[PDB]
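Only one chain comes next, encoded as structure tokens, the form solved without this ligand.
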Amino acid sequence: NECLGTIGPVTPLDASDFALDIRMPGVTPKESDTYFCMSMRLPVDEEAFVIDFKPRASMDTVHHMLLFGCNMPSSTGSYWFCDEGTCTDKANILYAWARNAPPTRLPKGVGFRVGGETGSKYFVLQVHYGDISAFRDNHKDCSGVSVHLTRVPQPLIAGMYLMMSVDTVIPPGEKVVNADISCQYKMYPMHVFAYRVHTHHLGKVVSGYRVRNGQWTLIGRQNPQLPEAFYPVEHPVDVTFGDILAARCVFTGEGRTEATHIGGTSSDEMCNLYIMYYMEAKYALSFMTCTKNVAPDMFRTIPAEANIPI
């Protein structure tokens, strides 16, 4: 969208609601694949609920945008190069937009809990500029996201279930290596509505499942070379006490000379699956993780799909 000007990025709408217009401050990338970040302090100290996200992205120039909640942005300037990092503390992902992926909307009555004693005090926006031939005119870009906040307690609360491999060793050559993740779910019900997969270049497919009475129910399955937005869960699924959450990342050892382990760099690999959920407010957890493989023998009946590329 056009460069806002000087209207004010905080718009109070009533006693309980306010819009945050979180936009780049007229930036002009000089090279392709630039990552720009900015932050905005939540303008209340008490608990609030993020209940809507409207993307304001120039189709021409923005490849993707991420919105994070945290307490300690990686820098304090109007904007900053953030190949490096977004937050010094944990970056909680709230929103992802990708040029060609269709953005999931929050289900009705769902919000992310922010502010107050334990919630995020800051939003950090990351904008990825790809092709920059649209900046030949040295024009200024004000891309970002318009966020709707309310102080009204929401009946459903959004969270993030992160499933992540730690021990995986990918030998050189080995055409096929599986990174398997599984945890017992022991909490009140979560309703899974979106997922995001992330690996590095050696990743062929990522799938996650809820397993109940030996039945595998697809949460999501994605080639991890495609853009990394939140894809909608095709048939949104309850995950309940006694279920097993199970994920498999399929890896190759080809194009590589030494053994590849898990690490933050691209020479290292990752197997991450982000599951966006909601829970009933009176039971809600904003975050859960699985870094174990508690039921490795259960993978003997994983569906065929998990082992074949798309």
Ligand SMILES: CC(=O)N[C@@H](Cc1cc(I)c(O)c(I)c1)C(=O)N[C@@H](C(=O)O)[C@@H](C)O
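The first residue of the sequence shown is number 1, and the count goes up from there.
The same protein also exists as the form solved in complex with this ligand; that form is not shown, yet it is the one meant from here on.
K.L.:
Could you tell me which one of 124, 147, 206, 181 places a heavy atom within 4.5 Å of this ligand in the deposited complex?
P.N.:
Filtering the options by heavy-atom distance leaves 147.
K.L.:
Within 4.5 Å of this ligand in the deposited complex, heavy atoms considered, which of 57, 38, 270, 284?
P.N.:
Here the answer is residue option 270.
K.L.:
Which one of these stretches, 131-139, 218-226, 147-155, 72-80, sits within 4.5 Å of this ligand in the deposited complex when only heavy atoms are counted?
P.N.:
Stretch with heavy atoms near the partner: 147-155.
K.L.:
Taking this ligand as it sits in the deposited complex, is residue 294 near enough to touch it, meaning that at least one heavy atom pair lies within 4.5 angstroms?
P.N.:
Residue 294: no, not in contact with this ligand in the deposited complex.
K.L.:
Please check if residue 91 has a heavy atom lying within 4.5 Å of any heavy atom of this ligand in the deposited complex.
P.N.:
Looking in the deposited complex, residue contacts with this ligand include residue 91, since a heavy atom lies within 4.5 Å.
K.L.:
Given that the partner is absent here, does residue 164 sit within 4.5 Å of this ligand in the deposited complex, heavy atoms only?
P.N.:
Judged by the heavy-atom cut-off of 4.5 Å, residue 164 is in contact with this ligand in the deposited complex.
K.L.:
Please run the contact check for residue 46 against this ligand in the deposited complex: heavy atoms, 4.5 angstroms, yes or no?
P.N.:
Result yes; residue 46 sits at the interface with this ligand in the deposited complex.
K.L.:
Who in 191-215 is close to this ligand in the deposited complex, meaning a heavy atom within 4.5 Å?
P.N.:
The stretch 191-215, when checked against this ligand in the deposited complex, contributes 196, 198 at the 4.5 Å heavy-atom cut-off.
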